[PDB]
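Chains as they are written, first to last, in the working numbering: chain B, 12 to 266; chain Y, 12 to 787. In this text, a Cβ means the ideal position worked out from N, Cα and C, and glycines have one as well.
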């Protein structure tokens, strides 16, 4: 609708345009551009429920691109963990159902449940898909969000650690409640900022998560270091303390 | 010291003959470890072994454990096995030592101990069927992208030694009869005496019975049921050698009920040990702990005996099941097979009915593997015959997600019997007979040519020269075999002899473009390494010496730096030929060369159906030219008793008869011929240490073939090298294990990048696809 409207308006203004309406189009473009700049700079409930699984389905179609064959094969999806177990179950159900919708749209094959409506039936449908490389292969890596260190509270990062421990708790009890989710929940990330939480904060979190079958860990090194030596030390600390096994990754090693 | 505790004839003897009432055997076990260490590894210093034992005892004491199989298995499991994304894996630095340990100790108790004490994450379901591997993302990514290719897979026997041990427990009588049949030969007597001087078939029966009885008793312990109280009469381990215990005048059996219907399966073996170790997590009874120790020692000694021996009713016990398990093992875990092109080698049978059953079982097992993994329409659900199996198999298309099977029977050379006209007469008749059944079957089922893709000859090099199989291979070529590989037995009396053997195979055998040669160590090992631990002078037959002399002259008669060696070889070869042939005329080195050029001709043709056409073809080609004096000399070479007596006579040849530069020049000359003819080499697994001159894996000649700096010699001609896992020399092995072993050595000892190391190993691996025998 956005493209068709503008193409029609520009077609009717091919040779001349009224001055007032021409300025109206100018104002609309300026407002849209300023909002887009505000959004991108800010990036680095009801609104989420407005799209829900539709946004994820559009994401997988966008990753697939035009043509019968997907231009992207291996896609690792990052989502913000939620402290509410019910919200978490809805979140992963929407993402997985959208992935099944993308696969069903591109691949025509027998499905156990035409309308799964739950995680277990979604995994029942998804386990029939074989790795063939013509579609998008999805891996889910939730990214823990570090926060500001509150004053006092024994050790400097106490409330933040409790919040991260809680978020890990819902992730763990779900994984034991559905063992097949270990084939889709493939990693754990921590991408908020480096000053707010040091890499050594997530070491107990990552080691305990490793015993839950996560099997992969990536850590974002926030590149707002006060000094270049500080950032280099931050990357070294991540290698030294975090349980990064063979094949793991580190995020944004600009230092 | 752990390998000595889990594998020692002295320790097993001192544990199986001493009553279970004794509880303090630390001193005597320590003495057993030192004796086993000195016997197995004498080069290790005494003080180093004592310090290692002291650390091991202290390590057990600090862990609040007791000296026994449980503590040793725990220490090994932590030392080698850790949990990763793919489950239990082996540390990349520790994989080389793990392979060395696998040559002496079975891994199944170790992985069971690891599962008990270091379980996988989230208690996820885990099954142990394949041997453990290390993990590297580059290697796994390459394997998933480009599947591994096997060029030498012996379909006979089992996948590994461990289920062979369970097969021995399953059929003690069948293995006993096979053991006694081999034991009649003197070679088996020497081999058994080397492993254990006090080893007899009676003792073999006793140890097998004791191990089975220990398994039953510990099965009751592991299952949780109370012991049936006859253990009071059980005081001496030797009471388990008769399968019945006399308690209060009653004959009590040992067998019990097992949860799994297959009590001798791998899963039953793993489950039993995991349960037993779980119930012994904190403490174990001393008598039963020693019983587990005795079982492990008996199993390990049997596995060592089997692997050293490797390099009817028992065959019918498994039949198609063994082949089906082989293809599943090659496929590995996951929906996609880790091996794409697999060339299966089987021993030909002189009985046509036995041959038809053999290939029917192999092909039916392959169809079972394909049907299990691929769901599609089948012409016959139960083929029960070769023709219907091929009807089902022809519907399968080459897609790369499953194992592609090629069948290459390997003819077995035998000892040359005395007399009988030409030296190898009865052996040639036996090989001709075996080829006859193969040929008449191929004409009886033309579709079999798409599965019977090659012919091999792998017994030994001394017993039969390469020129023996030349008429066999040429006639087999006209039958549609289309591929030929020849195993060069690397037990050459001299390095020059082995180089000559490879040259003779290239010269005489009809190896066309894309063919392969098996185990070309002679042109791979450098003279410096080969001379290790060798006498200053070597012994070989006059026939072998004369052939080497002519070969040296042919290759080196132009080398300006080596005209000493070629002229000396030619002169003393002529002088040797005078002794061997007892002739009185003058023979030049050129005449000797001509006589040895016609070695490939058939003996009957030299004296003068597809077989007859080859007969006059060789006969006429010896008469087109106007020379019969070399032909007459070859007749005397073949059918003169005095010449044969001279040929079998041994001469004394110095170790450094030729300098290392001259020997390297001979190796590079054969290298050029090998590359020009485009003949690949099936490299043995590097974990197989029968060379005895390689004191570490990094000294293997495959790295010289790979062109590694320091390993490759100047002037070496690059060759095509394939990966063949025929006799790995270790209990649990796979083509994946060899791939990882080469990658580990390249990355660590040679300091190569993971991408660079992967590139070199990939080139060797893909040579098995370029030079594959499978129909295109």
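Buried versus exposed call for residue i [16 or more other C-beta atoms within 10 Å across all chains shown]
| i | result |
| --- | --- |
| residue 489(Y) | exposed |
| residue 43(B) | exposed |
| residue 610(Y) | buried |
| residue 220(Y) | buried |
| residue 343(Y) | buried |
| residue 83(B) | exposed |
| residue 91(Y) | buried |
| residue 256(Y) | buried |
| residue 106(Y) | buried |
| residue 546(Y) | exposed |
| residue 492(Y) | buried |
| residue 162(B) | exposed |
| residue 186(Y) | buried |
| residue 366(Y) | buried |
| residue 124(B) | exposed |
| residue 305(Y) | buried |
| residue 400(Y) | buried |
Of the listed residues the options, nearest to residue i (C-alpha basis)
| i | options | result |
| --- | --- | --- |
| residue 760(Y) | 644(Y), 714(Y), 681(Y), 742(Y) | 714(Y) |
| residue 326(Y) | 360(Y), 348(Y), 536(Y), 623(Y) | 360(Y) |
| residue 111(B) | 102(B), 99(B), 98(B), 127(B) | 127(B) |
| residue 154(B) | 142(B), 203(B), 99(B), 65(B) | 203(B) |
| residue 156(B) | 212(B), 258(B), 146(B) | 212(B) |
| residue 121(Y) | 151(Y), 140(Y), 137(Y), 85(Y) | 85(Y) |
| residue 172(Y) | 524(Y), 319(Y), 41(Y), 397(Y) | 319(Y) |
| residue 163(Y) | 370(Y), 416(Y), 637(Y), 604(Y) | 416(Y) |
| residue 731(Y) | 701(Y), 774(Y), 751(Y) | 774(Y) |
| residue 97(Y) | 139(Y), 29(Y), 67(Y) | 139(Y) |
| residue 606(Y) | 625(Y), 562(Y), 568(Y) | 562(Y) |
| residue 409(Y) | 692(Y), 385(Y), 431(Y), 535(Y) | 385(Y) |
| residue 717(Y) | 767(Y), 194(Y), 242(Y) | 767(Y) |
| residue 4(Y) | 483(Y), 497(Y), 453(Y), 460(Y) | Because chain Y here runs from 12 to 787, residue 4(Y) falls outside it and cannot be looked at. |
| residue 698(Y) | 54(Y), 115(Y), 32(Y), 270(Y) | 115(Y) |
Residues sharing a beta bridge with residue i, DSSP
| i | result |
| --- | --- |
| residue 164(Y) | 355(Y) |
| residue 337(Y) | The partner list for residue 337(Y) (beta bridge, DSSP) is empty, contrary to what the question assumes. |
| residue 665(Y) | 548(Y) |
| residue 463(Y) | 418(Y) |
| residue 732(Y) | 692(Y) |
| residue 468(Y) | 422(Y) |
| residue 527(Y) | 496(Y), 691(Y) |
| residue 7(Y) | Any question about residue 7(Y) goes unanswered here, given that chain Y covers just 12 to 787. |
| residue 145(Y) | 101(Y) |
Alpha carbon of residue i to alpha carbon of residue j, nearest angstrom
| i | j | result |
| --- | --- | --- |
| residue 785(Y) | residue 148(Y) | 30 Å |
| residue 178(B) | residue 56(B) | 18 Å |
| residue 771(Y) | residue 530(Y) | 19 Å |
| residue 294(Y) | residue 284(Y) | 15 Å |
| residue 642(Y) | residue 635(Y) | 12 Å |
| residue 740(Y) | residue 69(B) | 55 Å |
| residue 213(Y) | residue 250(Y) | 14 Å |
| residue 406(Y) | residue 389(Y) | 8 Å |
| residue 356(Y) | residue 414(Y) | 15 Å |
| residue 628(Y) | residue 720(Y) | 48 Å |
| residue 204(Y) | residue 181(Y) | 26 Å |
| residue 279(Y) | residue 303(Y) | 16 Å |
| residue 453(Y) | residue 460(Y) | 7 Å |
| residue 472(Y) | residue 682(Y) | 20 Å |
| residue 534(Y) | residue 783(Y) | 22 Å |
Going along the chain, which unbroken runs of the beta strand (DSSP E) with 3 or more residues stay wholly within the stretch 41 to 110 of chain Y?
92 to 95, 98 to 101
In chain order, what are the residue ranges of uninterrupted alpha helix (DSSP H) at least 4 long that sit wholly in the stretch 230 to 305 of chain Y?
277 to 290
Threshold first: 4 residues or longer. Then list the alpha helix (DSSP H) segments lying entirely within the stretch 357 to 397 of chain Y, N to C.
363 to 384
Ignoring anything shorter than 4 residues or poking outside the stretch 565 to 650 of chain Y, list the alpha helix (DSSP H) runs there in chain order.
574 to 592, 600 to 608, 614 to 618, 621 to 632, 640 to 649
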